[PDB]
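Enquirer: Sequence first, structure after, both from an experimental entry:
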Amino acid sequence: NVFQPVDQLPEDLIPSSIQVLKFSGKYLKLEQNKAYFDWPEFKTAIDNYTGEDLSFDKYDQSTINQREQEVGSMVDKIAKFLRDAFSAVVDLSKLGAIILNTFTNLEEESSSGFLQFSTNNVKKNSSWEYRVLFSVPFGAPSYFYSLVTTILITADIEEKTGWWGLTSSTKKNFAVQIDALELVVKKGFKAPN
């Protein structure tokens, strides 16, 4: 998976949601041995889309510079940012949990397709891109939300192994960029081509 799925959708909606994951997935960009989500292209694909099964709701972004902080403090802010910006995210706990787990278990999930590592030979630091997709119903029982999400975390960690065994209270000079786009999907939607 290029995006970690996460849906609290009724059964008759998971198919359409997979179709959103298929669509989104097409905008992943592999180059220089690294894979990162191609936001600009995706936004374009979204703007140029014309159907009735998919609809743009809103897109938010927040990039914060280096801040010596703990993971929990960070993950929390990220979760608070999401919950407050998107209707598709009412709960905060379930959210922060999922993000905290991923970053506390990076070594294991390290080979999943929704995570991208890299290092900066010049800056002497590294970063990770975590791609996750949220889907929840609406309540119009034949409609749901899809929150295409990417979270880029950078830190003064030169070695990939430096990210292994990260706890809630672990402290590092963390910089972060959150990219999230909320779509309104109708049951039946199909990833074009």
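Expert: That came through fine. Numbers count the residues shown, from 1 in each chain.
Enquirer: does residue 23 sit in a helix, a strand or a coil?
Expert: Per DSSP: H, G, I helix; E, B strand; the rest coil, the secondary structure class of residue 23 is helix.
Enquirer: can you check residue 95 too?
Expert: Counting by three-state DSSP, the backbone at residue 95 sits in helix.
Enquirer: Could I get the phi/psi values of the closest residue to it other than its chain neighbours?
Expert: Closest residue in space to residue 95, ignoring its immediate chain neighbours: residue 79 at 4.5 Å, by Cβ to Cβ, 6 or more residues apart in numbering. From N, CA and C alone the C-beta is placed, and that goes for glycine too. Here is the backbone geometry of residue 79 (degrees, to the nearest 10): phi -60, psi -40.
Enquirer: How about residue 54?
Expert: Dihedral angles (degrees, to the nearest 10) for residue 54: phi -130, psi 140.
Enquirer: Count the residues that sit near it.
Expert: Other residues within reach of residue 54, judged by other Cβ atoms under 10 Å, total 21.
Enquirer: just the one 5 residues further on next, same as before
Expert: With neighbours defined by other Cβ under 10 Å, the count for residue 59 comes to 17.
Enquirer: Surely it is in a strand?
Expert: Yes. Counting by three-state DSSP, residue 59 is located in a strand.
Enquirer: what sits against the closest residue to it other than its chain neighbours?
Expert: Spatial nearest neighbour of residue 59, excluding adjacent residues (Cβ to Cβ, 6+ apart): residue 181 at 4.2 Å. Contacts for residue 181 (Cβ atoms under 8 Å, 6 or more residues apart in numbering) come out as 42-43, 46, 56, 58-59, 147-149.
Enquirer: ok, now residue 179?
Expert: Counted by Cβ under 8 Å, 6+ apart, residue 179 has contacts 37, 39, 59, 61, 149-152.
Enquirer: ok, back up a step: would you check how far apart the residue nearest to residue 59 and residue 58 are?
Expert: Separation of residue 181 from residue 58 (Cβ to Cβ, to the nearest Å) stands at 8 Å.
Enquirer: quick one: which of the contacts of residue 179 is nearest residue 137?
Expert: The shortest approach to residue 137 among the contacts of residue 179 belongs to residue 149, at 18.0 Å (Cβ to Cβ).
Enquirer: what about the residue nearest to residue 95, neighbour count?
Expert: Neighbour count for residue 79, taken as other Cβ under 10 Å: 21.
Enquirer: Return the set of buried residues in stretch 121-141.
Expert: Neighbour-count burial for stretch 121-141 flags 125-137 (criterion: 16 or more other Cβ atoms under 10 Å).
Enquirer: what's the most distant pair in those?
Expert: Farthest-apart pair in those is 125 and 137; separation 40.5 Å (Cβ to Cβ).
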